[PDB]
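In each ligand, atom 1 is the first atom listed, and ligand 1 is the first ligand listed. Sequential numbering from 1 along the given sequence is applied to the chain's residues.
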Amino acid sequence: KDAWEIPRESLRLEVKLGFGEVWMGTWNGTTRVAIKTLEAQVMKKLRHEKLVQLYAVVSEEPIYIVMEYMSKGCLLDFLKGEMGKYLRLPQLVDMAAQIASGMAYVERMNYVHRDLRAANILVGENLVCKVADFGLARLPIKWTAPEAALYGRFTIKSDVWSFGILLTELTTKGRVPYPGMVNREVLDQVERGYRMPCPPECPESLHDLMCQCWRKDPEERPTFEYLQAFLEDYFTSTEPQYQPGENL
Ligand SMILES: */C=C\C(=O)Nc1ccc2ncnc(Nc3cccc(Br)c3)c2c1
(Lines give C-alpha, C1' and ligand atoms only; values in the text may rest on other atoms or scores of the structure.)
Protein backbone atom coordinates (compact mmCIF):
# COMPACT_ATOMS: atom_id res chain seq x y z
CA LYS A 1 0.00 0.00 0.00
CA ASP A 2 1.08 3.66 -0.54
CA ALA A 3 0.13 7.06 0.84
CA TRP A 4 -2.63 7.66 -1.74
CA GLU A 5 -4.52 4.72 -0.13
CA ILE A 6 -7.43 5.39 2.25
CA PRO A 7 -10.08 3.50 4.21
CA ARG A 8 -13.69 3.38 2.93
CA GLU A 9 -15.26 4.88 6.15
CA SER A 10 -14.03 8.31 5.06
CA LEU A 11 -16.01 7.85 1.82
CA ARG A 12 -19.69 8.86 1.78
CA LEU A 13 -21.22 7.95 -1.62
CA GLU A 14 -24.42 9.88 -2.41
CA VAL A 15 -25.73 10.20 -6.01
CA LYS A 16 -25.29 8.03 -9.14
CA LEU A 17 -24.70 9.89 -12.36
CA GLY A 18 -23.98 7.91 -14.31
CA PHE A 19 -16.42 -0.70 -17.44
CA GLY A 20 -18.01 0.46 -14.10
CA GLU A 21 -20.02 3.37 -12.58
CA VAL A 22 -19.46 6.96 -11.28
CA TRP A 23 -20.90 8.57 -8.18
CA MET A 24 -20.88 11.98 -6.50
CA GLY A 25 -19.90 11.83 -2.81
CA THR A 26 -18.00 12.97 0.29
CA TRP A 27 -14.49 12.47 1.75
CA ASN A 28 -13.68 13.00 5.45
CA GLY A 29 -17.08 14.77 5.77
CA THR A 30 -15.75 18.21 4.82
CA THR A 31 -14.93 17.37 1.18
CA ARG A 32 -17.17 17.00 -1.93
CA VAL A 33 -15.64 14.40 -4.31
CA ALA A 34 -16.26 11.89 -7.13
CA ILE A 35 -15.68 8.15 -7.18
CA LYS A 36 -14.97 5.77 -10.05
CA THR A 37 -15.87 2.15 -9.07
CA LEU A 38 -14.33 -0.66 -11.23
CA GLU A 39 -2.42 -0.48 -12.31
CA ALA A 40 -2.85 3.33 -12.63
CA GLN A 41 -0.03 5.18 -10.90
CA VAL A 42 -0.10 7.77 -13.75
CA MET A 43 -2.99 9.61 -12.10
CA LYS A 44 -0.45 9.62 -9.22
CA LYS A 45 2.53 11.27 -10.97
CA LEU A 46 0.39 13.81 -12.89
CA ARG A 47 -0.69 17.00 -11.12
CA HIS A 48 -1.73 20.07 -13.09
CA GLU A 49 -4.54 22.60 -12.98
CA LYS A 50 -6.25 21.44 -16.15
CA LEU A 51 -6.09 17.74 -15.37
CA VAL A 52 -8.71 16.30 -13.07
CA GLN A 53 -7.01 15.83 -9.72
CA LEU A 54 -6.66 12.42 -8.09
CA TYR A 55 -7.39 12.47 -4.32
CA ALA A 56 -7.12 8.86 -3.11
CA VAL A 57 -7.41 5.19 -4.19
CA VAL A 58 -8.83 1.90 -2.70
CA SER A 59 -7.89 -1.84 -3.24
CA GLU A 60 -8.48 -4.78 -2.31
CA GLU A 61 -11.66 -4.94 -4.56
CA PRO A 62 -14.33 -3.55 -4.93
CA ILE A 63 -11.88 -0.83 -6.04
CA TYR A 64 -12.62 2.93 -5.66
CA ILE A 65 -10.77 5.84 -7.29
CA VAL A 66 -11.35 9.30 -5.83
CA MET A 67 -11.09 12.37 -8.07
CA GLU A 68 -11.75 16.06 -7.69
CA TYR A 69 -15.44 16.74 -8.32
CA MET A 70 -16.39 18.24 -11.61
CA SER A 71 -19.75 19.96 -11.40
CA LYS A 72 -20.83 20.17 -14.97
CA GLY A 73 -20.20 16.56 -16.01
CA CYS A 74 -18.45 15.62 -19.29
CA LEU A 75 -17.75 17.99 -22.21
CA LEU A 76 -19.63 15.80 -24.60
CA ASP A 77 -22.84 16.01 -22.63
CA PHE A 78 -22.35 19.62 -21.86
CA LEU A 79 -21.90 20.54 -25.56
CA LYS A 80 -24.92 18.56 -26.76
CA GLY A 81 -27.11 19.74 -23.81
CA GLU A 82 -28.79 23.10 -23.01
CA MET A 83 -25.46 24.93 -22.91
CA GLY A 84 -24.61 24.04 -26.54
CA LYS A 85 -27.23 26.46 -27.89
CA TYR A 86 -25.38 29.41 -26.21
CA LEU A 87 -21.62 28.45 -26.50
CA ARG A 88 -20.01 30.62 -29.01
CA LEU A 89 -16.59 30.65 -30.60
CA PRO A 90 -14.83 32.52 -27.86
CA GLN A 91 -16.09 30.23 -25.17
CA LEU A 92 -15.12 27.22 -27.28
CA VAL A 93 -11.69 28.31 -28.40
CA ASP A 94 -11.08 29.03 -24.70
CA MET A 95 -12.21 25.53 -23.63
CA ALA A 96 -9.86 24.33 -26.33
CA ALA A 97 -7.00 26.34 -24.84
CA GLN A 98 -7.68 24.90 -21.44
CA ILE A 99 -7.55 21.39 -22.80
CA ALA A 100 -4.36 22.15 -24.80
CA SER A 101 -2.91 23.55 -21.61
CA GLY A 102 -3.50 20.31 -19.73
CA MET A 103 -2.19 18.32 -22.69
CA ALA A 104 0.86 20.62 -22.92
CA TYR A 105 1.57 19.61 -19.38
CA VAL A 106 1.16 15.94 -20.22
CA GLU A 107 3.59 16.58 -23.07
CA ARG A 108 6.29 18.09 -20.79
CA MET A 109 6.12 14.88 -18.66
CA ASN A 110 6.60 12.37 -21.52
CA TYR A 111 3.20 10.89 -21.17
CA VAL A 112 0.54 9.90 -23.67
CA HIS A 113 -3.19 10.05 -22.99
CA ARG A 114 -4.34 7.78 -25.83
CA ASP A 115 -8.14 8.36 -25.41
CA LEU A 116 -8.31 12.14 -25.86
CA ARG A 117 -11.76 13.27 -26.95
CA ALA A 118 -14.76 15.25 -25.64
CA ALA A 119 -16.22 12.35 -23.54
CA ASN A 120 -13.00 12.44 -21.56
CA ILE A 121 -12.92 16.11 -20.74
CA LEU A 122 -14.82 17.09 -17.57
CA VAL A 123 -16.32 20.62 -17.18
CA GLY A 124 -16.78 22.70 -14.06
CA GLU A 125 -17.82 26.12 -12.87
CA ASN A 126 -17.06 29.13 -14.98
CA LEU A 127 -16.44 26.97 -18.06
CA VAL A 128 -13.33 25.32 -16.61
CA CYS A 129 -12.34 22.18 -18.55
CA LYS A 130 -10.00 19.58 -17.33
CA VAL A 131 -8.53 16.51 -18.98
CA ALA A 132 -9.61 13.18 -17.44
CA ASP A 133 -9.82 9.40 -17.97
CA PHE A 134 -6.25 8.36 -18.37
CA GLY A 135 -7.85 4.87 -19.01
CA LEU A 136 -5.29 3.94 -21.46
CA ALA A 137 -2.13 5.65 -20.40
CA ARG A 138 1.67 5.25 -20.80
CA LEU A 139 5.01 5.99 -21.21
CA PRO A 140 -12.59 4.09 -30.79
CA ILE A 141 -10.81 4.98 -33.98
CA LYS A 142 -12.57 8.10 -35.19
CA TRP A 143 -10.48 10.03 -32.67
CA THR A 144 -7.35 7.91 -33.12
CA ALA A 145 -4.27 8.85 -35.17
CA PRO A 146 -3.93 6.35 -38.06
CA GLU A 147 -0.49 5.05 -37.03
CA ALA A 148 -1.99 4.39 -33.59
CA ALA A 149 -5.20 2.71 -34.85
CA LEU A 150 -3.12 0.70 -37.30
CA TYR A 151 0.29 -0.02 -35.73
CA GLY A 152 -0.14 0.73 -31.99
CA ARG A 153 2.13 3.74 -32.45
CA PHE A 154 0.60 5.80 -29.62
CA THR A 155 2.51 9.06 -28.81
CA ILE A 156 1.95 12.59 -27.65
CA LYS A 157 1.70 13.11 -31.39
CA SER A 158 -1.29 10.86 -31.86
CA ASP A 159 -2.91 12.80 -28.92
CA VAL A 160 -2.39 15.96 -30.99
CA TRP A 161 -4.35 14.19 -33.68
CA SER A 162 -7.26 13.43 -31.33
CA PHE A 163 -7.05 16.98 -30.15
CA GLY A 164 -7.77 18.06 -33.69
CA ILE A 165 -10.82 15.70 -33.85
CA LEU A 166 -11.86 17.13 -30.45
CA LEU A 167 -11.61 20.50 -32.01
CA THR A 168 -14.37 19.47 -34.43
CA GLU A 169 -16.54 18.19 -31.56
CA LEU A 170 -16.04 21.55 -29.91
CA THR A 171 -17.16 23.52 -32.92
CA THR A 172 -20.12 21.33 -34.01
CA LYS A 173 -21.52 21.38 -30.45
CA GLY A 174 -20.61 17.69 -29.86
CA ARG A 175 -21.44 15.89 -33.10
CA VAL A 176 -19.78 12.57 -33.97
CA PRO A 177 -16.83 13.12 -36.33
CA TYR A 178 -17.08 11.98 -39.97
CA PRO A 179 -20.90 12.10 -40.09
CA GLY A 180 -22.46 9.18 -41.98
CA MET A 181 -19.14 7.30 -41.99
CA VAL A 182 -18.62 4.01 -40.22
CA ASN A 183 -15.25 2.97 -38.75
CA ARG A 184 -13.96 1.11 -41.84
CA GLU A 185 -14.98 3.98 -44.13
CA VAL A 186 -12.93 6.36 -41.93
CA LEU A 187 -9.85 4.27 -41.59
CA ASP A 188 -9.96 3.61 -45.34
CA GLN A 189 -10.71 7.22 -46.44
CA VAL A 190 -8.20 8.79 -44.02
CA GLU A 191 -5.50 6.47 -45.47
CA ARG A 192 -6.42 8.01 -48.85
CA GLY A 193 -5.71 11.48 -47.41
CA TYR A 194 -9.32 12.63 -46.62
CA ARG A 195 -9.89 15.19 -43.85
CA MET A 196 -12.97 16.78 -42.34
CA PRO A 197 -13.90 19.92 -44.18
CA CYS A 198 -14.27 23.28 -42.40
CA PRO A 199 -17.31 23.06 -39.99
CA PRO A 200 -20.13 25.56 -40.61
CA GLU A 201 -19.19 29.01 -39.32
CA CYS A 202 -15.80 27.87 -38.09
CA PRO A 203 -13.03 30.24 -39.28
CA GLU A 204 -10.67 28.86 -42.02
CA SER A 205 -7.80 29.70 -39.64
CA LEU A 206 -8.96 27.25 -36.98
CA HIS A 207 -9.64 24.53 -39.48
CA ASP A 208 -5.98 24.90 -40.48
CA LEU A 209 -5.06 24.20 -36.89
CA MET A 210 -7.27 21.16 -37.38
CA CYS A 211 -5.47 20.27 -40.62
CA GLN A 212 -2.00 20.75 -39.04
CA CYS A 213 -3.17 18.34 -36.32
CA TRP A 214 -4.09 15.71 -38.88
CA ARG A 215 -0.84 15.77 -40.95
CA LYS A 216 -0.04 12.11 -42.03
CA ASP A 217 3.31 12.73 -40.52
CA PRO A 218 3.24 12.26 -36.76
CA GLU A 219 6.15 14.73 -36.45
CA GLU A 220 4.82 17.43 -38.72
CA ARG A 221 1.77 17.77 -36.33
CA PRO A 222 2.45 20.60 -33.74
CA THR A 223 3.14 20.54 -30.03
CA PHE A 224 0.47 21.08 -27.48
CA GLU A 225 2.62 23.97 -26.32
CA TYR A 226 2.10 25.53 -29.68
CA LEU A 227 -1.69 24.67 -29.72
CA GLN A 228 -2.10 26.17 -26.26
CA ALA A 229 -0.46 29.56 -27.18
CA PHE A 230 -2.19 29.81 -30.57
CA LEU A 231 -5.57 29.12 -28.92
CA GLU A 232 -4.83 31.51 -26.04
CA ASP A 233 -3.90 34.29 -28.49
CA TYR A 234 -6.50 33.41 -31.07
CA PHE A 235 -8.69 36.57 -31.04
CA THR A 236 -5.73 39.04 -31.11
CA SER A 237 -3.16 37.31 -33.33
CA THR A 238 -5.18 35.11 -35.72
CA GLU A 239 -8.81 36.37 -35.97
CA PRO A 240 -8.91 39.87 -34.60
CA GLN A 241 -11.98 40.77 -36.81
CA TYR A 242 -14.04 37.94 -35.39
CA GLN A 243 -17.79 38.65 -35.25
CA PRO A 244 -20.60 36.48 -33.74
CA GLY A 245 -22.53 34.26 -36.18
CA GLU A 246 -25.78 32.51 -35.52
CA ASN A 247 -23.94 29.39 -34.27
CA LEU A 248 -20.32 30.29 -33.67
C1 LIG B 1 -19.33 12.15 -21.51
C2 LIG B 1 -19.87 10.91 -20.82
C3 LIG B 1 -19.20 10.72 -19.47
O4 LIG B 1 -18.06 10.24 -19.39
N5 LIG B 1 -19.94 11.04 -18.39
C6 LIG B 1 -19.66 11.63 -17.17
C7 LIG B 1 -20.67 12.48 -16.68
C8 LIG B 1 -20.58 13.13 -15.45
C9 LIG B 1 -19.44 12.94 -14.65
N10 LIG B 1 -19.35 13.60 -13.45
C11 LIG B 1 -18.28 13.44 -12.67
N12 LIG B 1 -17.29 12.63 -13.07
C13 LIG B 1 -17.30 11.93 -14.27
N14 LIG B 1 -16.27 11.11 -14.69
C15 LIG B 1 -15.11 10.80 -14.02
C16 LIG B 1 -13.96 10.55 -14.76
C17 LIG B 1 -12.77 10.23 -14.11
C18 LIG B 1 -12.71 10.15 -12.71
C19 LIG B 1 -13.85 10.40 -11.95
BR20 LIG B 1 -13.83 10.29 -10.06
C21 LIG B 1 -15.04 10.72 -12.62
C22 LIG B 1 -18.42 12.08 -15.11
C23 LIG B 1 -18.52 11.42 -16.36
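Checking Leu17, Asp133, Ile35 against atom 17 (C) of ligand 1, the nearest heavy atom belongs to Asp133. Scanning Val33, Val22, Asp77, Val66 for the heavy atom closest to atom 22 (C) of ligand 1 points to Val22.
Contact annotation for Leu122 and ligand 1: only side-chain heavy atoms (C-beta onward) come within less than 4.0 Å of the ligand.
In this structure, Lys45 NZ and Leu54 CG are separated by 13.0 Å, a value rounded to the nearest 0.5 Å. Separating the CG atom in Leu89 from the CD atom in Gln243 is a distance of 11.5 Å, to the nearest 0.5 Å. Once rounded to the nearest 0.5 Å, the distance linking CD of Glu49 with NZ of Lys130 reads 6.5 Å.
Listed by number with element, the atoms of ligand 1 under 4.0 angstrom from any heavy atom of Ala119 are 1 (C), 4 (O). Within ligand 1, the atoms closer than 4.0 Å to a non-hydrogen atom of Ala34 are 20 (Br), numbered from 1 in the order shown.
Within a 6.0 Å radius of CD in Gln91, more than 12 heavy atoms belonging to other residues, nucleotides or ligands are found.
Using a 4.5 Å cut-off on side-chain heavy atoms (C-beta onward), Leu79 and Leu92 make contact.
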